[PDB]
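Enquirer: Residue numbers (the deposited numbering), protein chains in the order written: chain A, 12 to 580; chain B, 12 to 580; chain D, 1 to 113; chain C, 1 to 111.
Following this message is one structure expressed as structure tokens.
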Ligand SMILES: CCCCCCCCCCC[C@@H](O)CC(=O)O[C@@H]1[C@H](O)[C@@H](CO[C@@H]2O[C@H](CO[C@]3(C(=O)O)C[C@@H](O[C@@H]4O[C@H]([C@@H](O)CO)[C@@H](O)[C@H](O[C@H]5O[C@H]([C@@H](O)CO)[C@@H](O)[C@H](O)[C@@H]5O)[C@@H]4O)[C@@H](O)[C@@H]([C@H](O)CO)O3)[C@@H](OP(=O)(O)O)[C@H](OC(=O)C[C@@H](CCCCCCCCCCC)OC(=O)CCCCCCCC)[C@H]2NC(=O)C[C@@H](CCCCCCCCCCC)OC(=O)CCCCCCC)O[C@H](OP(=O)(O)O)[C@H]1NC(=O)C[C@H](O)CCCCCC
Ligand SMILES: *[C@H]1CC(=O)N(CC/N=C2/CN3CCN4CCN(CCN(CC3)CC(=O)OO2)CC(=O)OOC(=O)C4)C1=O
Ligand SMILES: *[C@H]1CC(=O)N(CC/N=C2/CN3CCN4CCN(CCN(CC3)CC(=O)OO2)CC(=O)OOC(=O)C4)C1=O
């Protein structure tokens, strides 16, 4: 029941119609061979002579080459549509994954994301395309074989069309036995795999108590259970074939019996019997592989559903309409209070940062936890729960993301580097509207050209992954290049590494010194260089603003920052 | 090939010889039936004979029942040796995973250790057993059919016995050609999978730079490469089949030719010709499986080499012979200096840490680095590089591991809990030697009954994973119980979480208060109470002992420990 | 918006003892830094004592081991006790919170005989 | 084992200033805690000043803001500079390392 789902593949009907035309031939050939077999047995040997057996050795090879060629064209031009439908489905799937809000990507499910889409959407078309190349070749085969029986006989074909449906329902009940064994044995495999995993992870504890013996006996038990489970599934599998083989063979004995009755003879030259029986034993593969196409449509629609739940899911709520060119102003936090999904403890209780325009604030903290989740609010990676982030009199939930995100510039020491040319990694996303003179001048400005020129190709060397790359010592340096070129109005540094790289501080600190001479900048900081030059410093103790103040007028006021200053002198 | 293998499986010669005996019959059924086809055809319809035609349905049903029964037995009693050989190999593999150095389990082996060993073993058993099934059955099939052609003909059979080897070498060359395309597609397949993975590790930056435009196009190129690679593979696979079919069909036409070229031929009636041709078009499947056998052994021997590298690789270095009943005394570190494998920076530089007998020394480090790697040296989880660890005047590298570990009690949080009866945990590996009276006394001694009586059965309650699973604090309480039972002389606390102060911390301290009343004990520390009661406090800073003293006679010496006491006040 | 209320005494004898309280409202009181500042008629503001999230304490060089500070968990009110008063310490005393560039109270002058 | 050698003066007039040095070798000098302790002829040992890995120096109670201490990385030696001597400060002074339960030197009395 796929009505109202054809035009999803409508631009590819050429391939499918060639599949049909050159696929029904691949069964017409198989029927022609047996139909030929008849005039090669009676009319070739019984009728005393040659003049058939010089034709038919050529007709047989002709039919064979037709069969081979049709096999190739059918398989190839059905796999072409398979491929160009996998592409479209996977592309639309991916183009949906670049908007799904950050909360997901954050370790909710990323380990098997790409595999669980490519494997899944390759099993969604393998099964359906297999069902197609099965319900047509192996459905035309039946039509051809019955045609060729009737044109040669009158009775045997009738008992066969009465009798084969019995064969089919036998097929369908026995395969049902096998599937119903499969799921219970799946449940029995779950427990045994779980125990096998359980005994290991505490290896420390096994070795510390000197308890090897008990572990060996436990694995002996559970492995014998694995052996017995495999036994009970193979013992089930080995039955589903012979039973239906015997039902069909009993049909064969029946239709063989009906050749003894007096009327049936004299309608049976020594040939026609041979071709009718040949069609009987060739009909078996279509008749067995045709009444299990549900087992393929169901695999296909199962994977199709397990990815059509994914395709339309939640995305980043885009609300509001107002746009921004350059929000040269004051980002202010107001009573904001935010919670990670999947947890309970709030990360920020009532919070009141009041960033000046054109100045900088430094979020020194003893934790390393509870501060970097501000650099994930001022750019609306997440969305707050209770509060309001006023940006120039406006709320980030009212701005359109395309511009709000265009404001900030996450200059860090961990920036992911695209695997493309350097000058393309600096001017990223707008090589169209930037001129290479700007890229060169900024790469100089960021004190970055010194180690790009040494690179062999230069402004066309790949510094991304599966390329040649740049060490952690300029990853950030390129990042400053990017910020300078884009001239963002709001900066969020990380200073991720606890200390500057050897002989590399001279460039880092200098370039940053140009980078924050203007351009209001919330600088998450934990190093005594940028903090000292700060404008108003704000500490964070595990959930909340604690002790705010400029550095020079703070050390006298002991509090937290001086305490955290001493142990990091 | 493998003459040495037979005694590895010689216990199961019964199963294998039943496989062989009841498997050759399986091909004998097919050969007998094709033979029977003639007195169906010549003596059944040429003459007036109706005598054979009336028993023949019965012999057909009989031949099929023999065929089905032999199929079952030769598929069961060869998957009853496959089962036991894989089970034995697993048990001899795992019993070697309980000896490798702790550094292996550390993170070196992926959590798919179990999956890798089980899939390697299952697939080696599958490949080798399939090779046996194929070689024996199809050898019987070929021998039977060629017996068919001799007893029924004189020339066509020799034509085929000269001509089929050509078919076989065609098979080998074509399968080789497909197999090479397999790896050639495999390279770029892996490459493009990696290039697909690259994009979404840093999805953050893609949003933050507004670069969704230069992401969809990049994935368009990647997906087009994926579909083109799938196209190349499928277009390869659809040729390897329909070429050998054409070679064999050339053989078939040739056989027709020679079957009616001369007058010396034509002695074969309308019956026996059908037998010969049926035997032909049924001979192909053996002639393909038998000649691709060689590939099946390579699956099995490849995976078996993967196993046999692992099986006898390396274990924990056992040296020395000296044995200990109980090493009541004063373990001492002397100039010990240990380097983590896989790293460069030493974790412990020159150490002169002394642990007086009976007394307690407490390590208190802000780093979280360099502490919990002493509790992995006083029990030989690892082995030191430069130093000597005296234990009662002997060195740990001279004691025997089975004996030395008998004194150490890793009584911490997170202690792994076997999925067994509770009494088994608190008496692990020596329920043989220890009577339930000691368990029931110690469970009280640990003040641990509140996690026993309130449970369903208590001394029989399942509590590990796949059991009821109790609290993490309770898991620590079982660790104190288990320490109490064994009364081991050397104790190593961790004091990890410290969060359950809801009268649970009181219970913890109450239980421990007598656990370290004796038993000279190295206690990693972060709790003010246990540090206060210490006997010698030793603070480490990131690589090395810094200042050592007693809490009452240290605060006067401002040093480092007090400077940490301030922040952890 | 966090708010605070300052309570204090007035003129007292020299070398005596006094206790000062400061109420805090609309706050996460249990963690924020709290302190006291004094401002001379001629000299600017200056801190005297400071508390921290860990019940830590600190004092200036001028007054060391002379005054004592504490916080009340239930009442959300701090206490600062001054002992061995000095006439030269007669100035304007202020309650403060959340560091120096944070928030300030009304201020109650104290006179020493 | 580590070794330590103390160099110090003898008898000088009250109210002056001096500097003392203790040479420590054979171990990881860069990180370990170093300190100086004094002991009166009658009164027991008493700490004077201390340095840590982060140069977080401290002076215990009596000479806060009076004495100073520093260590030389290249010279592998610690300097201890003194000022504003008093007659009551005449006692037995030692250089100490790795906390109070660590190690001690021969020392030298100062008057
Ligand atoms: C002069 C002029 C004459 C004129 C010429 C006429 C020419 C004939 C044209 C042929 C047209 C069409 O009619 C035939 C056709 O096209 O189909 C073939 C073949 O069917 C097919 C499959 O094989 C069958 O199925 C099973 C194995 O298949 C699978 C598997 O399931 O295990 C599936 C698949 O695996 C899959 O792979 C996928 C993937 O690889 C795709 O890549 C994967 O998706 C999965 O793969 C894996 O994974 C799995 C799992 O992991 C889960 O995924 C595993 O389980 C797996 O093992 C596997 O590992 C999947 O499973 C596959 O790939 C394969 C894989 O390779 C291995 O793994 O394994 C086998 O049964 P079993 O015992 O094994 O269970 C079958 O063998 C048998 O003995 C059949 C048996 C069946 C028992 C029933 C008998 C009675 C029932 C009566 C019913 C009545 C009810 C009404 O009857 C007999 O014996 C009795 C004979 C005596 C008759 C009685 C006489 C006295 C009365 C076997 N059956 C046959 O061969 C039928 C054969 C019969 C020949 C025997 C004798 C014939 C004479 C009869 C005498 C009567 C005269 C009066 O044909 C005929 O009828 C001939 C017509 C008679 C003409 C007489 C005139 C002279 O293969 C190929 O197909 P292709 O072309 O596409 O390649 C095909 N090969 C060819 O065409 C060859 C071609 O002729 C070239 C000929 C040149 C040669 C020159 C020398
Ligand atoms: C300022 C002036 C001064 O001399 N201080 C020392 C504080 N001494 C207090 C006496 N205290 C003795 C027991 N202290 C430990 C318990 N403290 C609570 C009970 N205190 C009264 C008896 C109340 C105090 O807060 O301080 O008083 C808890 C504490 O750590 O506060 O020191 C102490 O001597 C031990 C000044 O602070
Ligand atoms: C002990 C008690 C005290 O306050 N000291 C300061 C005495 N004067 C010093 C002059 N110093 C000027 C630069 N100081 C900052 C750098 N100091 C390193 C160089 N110091 C000599 C130049 C050597 C010292 O360790 O302390 O001397 C770091 C420092 O100690 O800061 O003092 C200072 O006035 C600024 C004492 O020596």
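Just so you know, even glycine gets a beta-carbon here, dropped at the ideal spot from N, CA and C.
(1) Given this structure, state the Cα-to-Cα distance separating residue 471/A from residue 94/A, to the nearest angstrom.
(2) Rounded to the nearest angstrom, how far is the Cβ of residue 145/A from that of residue 307/A, given a contact under 8 Å?
(3) What's the call for residue 91/B, buried or exposed, on a 16-neighbour Cβ count within 10 Å?
(4) Comparing the CB of residue 288/A with every heavy atom of ligand 1, is any distance shorter than 7 Å?
(5) Hey, would you say the C-beta of residue 65/D is under 7 Å away from at least one heavy atom of ligand 2?
(6) From the DSSP output, in three-state form, read off residue 88/B for me.
(7) For residue 17/B, which three-state DSSP category applies?
(8) Does DSSP put residue 260/A in a helix, in a strand, or in coil?
(9) Indicate whether at least one CB of chain C lies closer than 8 Å to the CB of residue 332/A.
(10) Would you report the Cα separation of residue 71/D and residue 15/D, rounded to the nearest angstrom?
(11) Determine the burial state of residue 294/B: buried for a count of at least 16 other Cβ atoms within 10 Å of its Cβ, exposed for fewer.
(12) In three-state terms, what does DSSP make of residue 72/C?
(13) What residues in its chain sit with their C-beta under 8 Å from that of residue 429/B, if we drop five residues either side in the sequence?
(14) Strictly below 9 Å CB to CB, what residues from chain A border residue 69/D?
(15) Kindly give me the distance between the Cβ atoms of residue 469/B and residue 411/B, rounded to whole angstroms, as I take these residues to be in contact under 8 Å.
(16) Quick one: grab the DSSP three-state call for residue 308/A.
(17) Taking the alpha-carbon positions, what's the residue 568/B to residue 60/C distance?
(18) If you run the structure through DSSP and keep just helix, strand and coil, what is residue 80/D?
(19) Compare the Cα-Cα distances from residue 268/B to each of 67/A, 528/A and 543/A and report the closest residue.
(20) Which whole runs of the alpha helix (DSSP H) in the region 387 to 464 of chain A are 4 residues long or more, in chain order?
(21) Who are the Cβ neighbours of residue 529/A in its own chain at under 7 Å, not counting the five residues just before and after it?
(22) Can you name the residues of chain C whose CB is closer than 7 Å to the CB of residue 582/B?
(23) Identify every residue that forms a DSSP beta bridge with residue 104/C.
(24) Between the Cα of residue 85/B and the Cα atoms of 245/A, 322/A and 236/A, which residue gives the shortest distance?
(25) Any contact of the region 6 to 15 of chain C with the region 530 to 546 of chain B, i.e. 3+ C-beta pairs under 8 Å?
(26) Is the closest heavy atom of ligand 2 to the C-beta of residue 70/D under 7 Å?
(27) From which residue to which residue does the beta strand (DSSP E) around residue 1/D run?
(28) Quick one, which of 405/A, 398/A, 390/A and 378/A has its alpha-carbon nearest residue 417/A's?
(29) Tell whether a beta-carbon distance below 8 Å holds between residue 556/B and residue 362/B.
(30) When you check each C-beta in the region 331 to 363 of chain A against every C-beta of chain D, which residues fall closer than 7 Å?
(31) Measure from the alpha carbon of residue 217/B to the alpha carbon of each residue in 413/A, 448/A, 18/A and 480/A, then state which is nearest.
(32) Between residue 100/C and chain B, is there a C-beta pair that is closer than 8 Å?
(33) Give me the Cβ distance between residue 188/A and residue 251/A, rounded to the nearest whole Å; I'm assuming they're in contact under 8 Å.
(34) Return the Cβ separation of residue 489/B and residue 426/B in integer angstroms, given the expectation that the two are a contact with Cβ distance under 8 Å.
(35) In chain order, which continuous runs of the beta strand (DSSP E) of length 3 or greater are located wholly inside the region 185 to 219 of chain A?
(36) Check whether chain A comes within 8 Å of residue 200/B, counting only Cβ atoms and requiring the distance to be less than that.
Expert: Inspection of the coordinates gives the following:
(1) In a straight line, the C-alpha of residue 471/A is about 33 Å away from that of residue 94/A.
(2) Confirmed, about 7 Å.
(3) When all chains shown are included, residue 91/B counts as buried.
(4) Flag set: Cβ of residue 288/A near ligand 1.
(5) Yes, Cβ of residue 65/D sits closer than 7 Å to a heavy atom of ligand 2.
(6) DSSP places residue 88/B in the coil class of the three-state scheme, outside both helix and strand.
(7) Assigned with DSSP and collapsed to three states, residue 17/B falls in helix.
(8) DSSP places residue 260/A in the helix class (H, G or I) of the three-state scheme.
(9) Proximity of residue 332/A to chain C, defined by a Cβ-Cβ separation below 8 Å, is not satisfied.
(10) When rounded, the separation of the alpha-carbon atoms in residue 71/D and residue 15/D is 24 Å.
(11) Classification of residue 294/B: buried, given that the 10 Å Cβ count is 16 or more.
(12) Three-state DSSP puts residue 72/C in a strand.
(13) Within the same chain, 435, 436, 439 and 475 come within 8 Å of residue 429/B by CB-CB distance, once the 5 residues on both sides are set aside.
(14) Chain order gives no chain A residues near residue 69/D, where near means a beta carbon separation below 9 Å; the closest approach is about 12 Å.
(15) So it is not a contact: roughly 37 Å between Cβ atoms.
(16) Helix at residue 308/A.
(17) Answer to the nearest angstrom: the Cα atoms are 8 Å apart.
(18) Three-state DSSP puts residue 80/D in a strand.
(19) Shortest Cα-Cα distance from residue 268/B to any of 67/A, 528/A and 543/A involves 67/A.
(20) Runs found: 412 to 418, 433 to 437 and 447 to 456.
(21) Same-chain partners within the cutoff: 369.
(22) Outside the shown range of chain B (12 to 580) lies residue 582/B, about which nothing can therefore be said.
(23) Paired residue(s): 96/C.
(24) That would be 245/A, whose Cα lies nearest to the Cα of residue 85/B.
(25) Counting Cβ pairs under 8 Å, fewer than three are found: no touch.
(26) Placement of the Cβ of residue 70/D at a distance of less than 7 Å from at least one heavy atom of ligand 2 is found.
(27) If you look at residue 1/D, you'll find it isn't in any beta strand (DSSP E); DSSP assigns it neither H nor E.
(28) Among 405/A, 398/A, 390/A and 378/A, the Cα nearest to that of residue 417/A is on 390/A.
(29) It is a contact, given that the beta carbons lie within the stated cut-off.
(30) Listed in sequence order: 360 and 361.
(31) In terms of CA proximity to residue 217/B, 413/A leads the group 413/A, 448/A, 18/A and 480/A.
(32) By this cut-off, residue 100/C is an interface position.
(33) Yes, residue 188/A and residue 251/A are in contact; Cβ-Cβ is about 7 Å, under 8 Å.
(34) That belief holds up - the Cβ atoms of residue 489/B and residue 426/B are roughly 7 Å apart, short of 8 Å.
(35) Unbroken beta strand (DSSP E) stretches of 3 residues or longer found wholly inside the region 185 to 219 of chain A: none.
(36) For residue 200/B, the answer is no, since every Cβ of chain A falls outside 8 Å of its Cβ.
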